[PDB]
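Written below as structure tokens is the structure these notes are about.
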Protein chains: 2
Amino acid sequence: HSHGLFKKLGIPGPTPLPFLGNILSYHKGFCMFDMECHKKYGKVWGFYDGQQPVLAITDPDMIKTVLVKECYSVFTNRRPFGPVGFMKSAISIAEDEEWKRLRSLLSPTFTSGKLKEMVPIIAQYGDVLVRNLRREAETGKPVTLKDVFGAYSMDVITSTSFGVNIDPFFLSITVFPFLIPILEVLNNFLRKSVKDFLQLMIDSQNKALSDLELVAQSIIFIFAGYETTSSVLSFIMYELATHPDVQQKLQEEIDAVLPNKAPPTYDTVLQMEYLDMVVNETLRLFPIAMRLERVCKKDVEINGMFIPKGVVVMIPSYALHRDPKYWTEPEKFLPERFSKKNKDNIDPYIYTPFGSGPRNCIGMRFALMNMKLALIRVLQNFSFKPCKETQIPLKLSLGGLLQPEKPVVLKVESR
Amino acid sequence: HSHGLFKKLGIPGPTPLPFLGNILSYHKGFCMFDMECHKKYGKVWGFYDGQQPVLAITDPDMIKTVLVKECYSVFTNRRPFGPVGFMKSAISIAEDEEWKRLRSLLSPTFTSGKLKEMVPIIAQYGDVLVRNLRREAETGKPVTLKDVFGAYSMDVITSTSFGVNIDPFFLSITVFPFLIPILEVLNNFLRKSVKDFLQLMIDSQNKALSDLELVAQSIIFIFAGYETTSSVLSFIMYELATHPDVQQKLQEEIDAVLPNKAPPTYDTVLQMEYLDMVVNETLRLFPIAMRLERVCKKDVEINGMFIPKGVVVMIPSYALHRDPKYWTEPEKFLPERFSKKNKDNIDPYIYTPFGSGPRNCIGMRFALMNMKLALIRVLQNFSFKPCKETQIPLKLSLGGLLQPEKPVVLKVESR
Ligand code: HEM
Ligand code: HEM
Ligand SMILES: CC(C)(C)OC(=O)N[C@H](CS[C@@H](Cc1ccccc1)C(=O)NCCCc1cccnc1)Cc1ccccc1
Ligand SMILES: CC(C)(C)OC(=O)N[C@H](CS[C@@H](Cc1ccccc1)C(=O)NCCCc1cccnc1)Cc1ccccc1
């Protein structure tokens, strides 16, 4: 009863089936579906997540309009996600004025000054990461990176935020979004554990912040602080192993900036350009968000195109990061794309690993620093080679979230 | 999990039961529940329609703030009603900017000029109403008013709007509002019959109006144009029968303005003050809307009182129309309250039979004229006396909508 929206507007796209819409095309993942649609319809197309119309845009100006120019006015909130419960007060989930309050309350936590305070604290768990790698390296045995990276990722998020130091169904959500309010009325490790980030959240309480709403942000920061950091670091070391010349050229820069295995400081990390080039190129190949979404809260006509209320505007970050119309040989791992000689030829609204506009990743600078502090301390001590069980080429998880199919396993040799 | 909102805010009210909230108190109707709550907690109280918090206000300034001062900004929409289907595009149901468009598109239909055009058309069915009453009067037999009034009400709405001339479950809606989106995906006499009001709706099409959205307004105008007119006219004739002095004093004014049973014109109706006093007093005793509601779309602090987002602000029109703190002997039918000697002592935010602010009854002036044109032609020919089966005193429908329990039946005598 709503599958004729894009047909009325003259917007191309795949023909939706009743109830299901176009979800059956997700059998190859969100990424392959966006790449195929981008090659079939061009700059703009639409589809249906069940009965929910989703409009996809690939025009950099139109992307700037949604993410930056018309953020506070029209494209303020993402697709409604539930059931969440008390997590509705989370900044990544809150909407409209409730989000505007949380954004300002939590913004001063990721400043250039607050990050510099965490470098002396993070430098501890970097050495634990090396010494935990030193054990599984002297013993000739392939290492699951996401395990030793996830242990480092959780050790950082619990101390930077609080100070603690320690060593299948969403498919029906899109088909049955009417069942989301159902589960809300159908209804703890942290609801009392909360009873630094945690400091400022009470120091931005001295229009203040609640407590159940303080826990919700802490849980959110623990999610993204754990899974995103470990998953990207795994993606990086796979590329460094499958491209040994890049791994060595990176090791040469680390030793030049940090001789005698110097401790990586805040200022020494921002000086390494080839390290940032490797991180940015890996994030181009593997944008863990895959997609950026905004809900059209009222009828608009952006860049000469009518968009009706309720439509979910989507930006296919993965499909744009691998578009041959912007990247030469887009499947190859080439960090020289982000060299200061070639960095100018990159549209910031085509390359969006952290989003754009007022609602981008608030912890972008923290995530870049955390991963760079991890790579520096690890590559200072070890080199990485592919193993017999190393999945080459690496398959992406055909499911929902952006992960490798088989875990990344490489050989570790101590320098 | 949300029954502590008014307890946190220090707002009094009845203690809600889990899931049900306070709906069990509706066993005496919305009206008796509001009257008892108004006497128990005073100016402001709160309750829960299941899990939905509803705040009741009785302060005229605070009522003016919600209905008039902060309408476009905060209190723009009513309680979400569903499942409606295509009727979501109806002006009484539409929200935010969609309603603002429909209001302006349909406003010029109820001007003082458009009503004057319908007086020569309505005057036809007034004589049919008399001649249909003349048959059941020469035959000594009590008449069900709502039947002969409903036949007149439908004959007017179909010709004024188009030109055609022809002679149990909502309880679960409040407990299970999560089931409303369910029924929406679960899914005609007028969807093709539409294929004057109907004129202007296409003449306000020559940012225009749709067609399925044109039918939705036509159906809405047929609802209120049928049930409201007949129900109030029944309430009026009961009061005129149970107060024969008022019925005669009204008959004297009608014959003075319209001698020799003159045809009631637009200008002759607005001259009769005692007729308007009878209509206004009946609407005080019987405000068919009972309640006025606005959804708080964002946190506000109106008249020194914090109100959170999502709360349904409610104005108990019935309870305020019978408040002894504003009306002396509020249960008695006394049209002299609206005399030009005493009309000044009436707060327009306490007496709201048609609402107030930008979202009041758009067909207020049409309804007043339609009923007055009906009373004039009927009282010119007949007098009304109570019968053996006349329910004296009249009981109100203890259920949902404001109706009499037993239908109003009176004796009719031709003058
Ligand atoms: C490699 C690491 C990360 C990447 C690539 C990444 C990427 C993203 C992207 C693409 C968005 C959406 C931007 C948009 O919608 O325009 C986002 C949102 C967000 N990210 Fe991250 N993220 C990373 C790590 C983190 C970390 C460590 C945190 C720590 C708190 C974090 C917190 C958030 C929050 C709170 C939001 C929602 C902000 C809002 O809705 O206002 N992310 N991230
Ligand atoms: C005795 C007769 C009537 C009474 C007492 C009455 C009363 C009311 C009241 C109290 C409201 C809500 C006002 C508010 O929320 O502030 C309303 C709304 C409305 N009424 Fe009536 N009404 C009557 C007859 C009619 C008629 C004949 C029409 C013909 C079209 C009509 C059309 C509407 C509409 C469309 C709305 C919603 C307006 C909007 O939401 O913008 N009503 N009425
Ligand atoms: C992706 C899309 C649009 C198709 O549907 C959605 O699932 N919507 C996302 C909401 S799920 C929720 C995760 C969660 C909450 C409670 C318990 C378990 C799990 C969340 O709010 N997590 C935000 C974490 C911050 C983050 C994550 C990744 C990278 N950097 C930062 C909203 C969303 C989507 C994409 C990026 C960010 C946020
Ligand atoms: C009352 C409350 C707040 C507790 O819940 C609601 O049921 N909400 C009302 C929505 S029901 C709908 C009626 C209908 C639609 C399709 C098919 C069958 C029935 C409607 O939109 N009818 C508006 C008709 C205009 C009118 C009616 C009466 C007097 N004058 C004008 C919204 C509402 C409430 C009170 C007054 C006006 C509108």
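How things are named: the first chain in the structure tokens is A, the next is B, and so on; residues count from 1 in each chain; ligands count from 1 in the order shown.
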
* **Interface list for chain A, partner chain B, 10 Å threshold, only C-alpha atoms, as a VMD selection string** => chain A and resid 1 19 51 85 to 86 96 to 98 176 to 185 187 298 to 299 309

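Selecting all polymer residues at most 7 Å from ligand 4, using only C-alpha atoms and all ligand atoms, gives residues 78, 79, 81, 84, 87, 92, 93, 220, 221, 223, 224, 228, 288, 289, 291, 292, 293 and 361 of chain B.
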
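Take CA of residue 303 (chain A) and CA of residue 73 (chain A): the distance between them is 15.5 Å.
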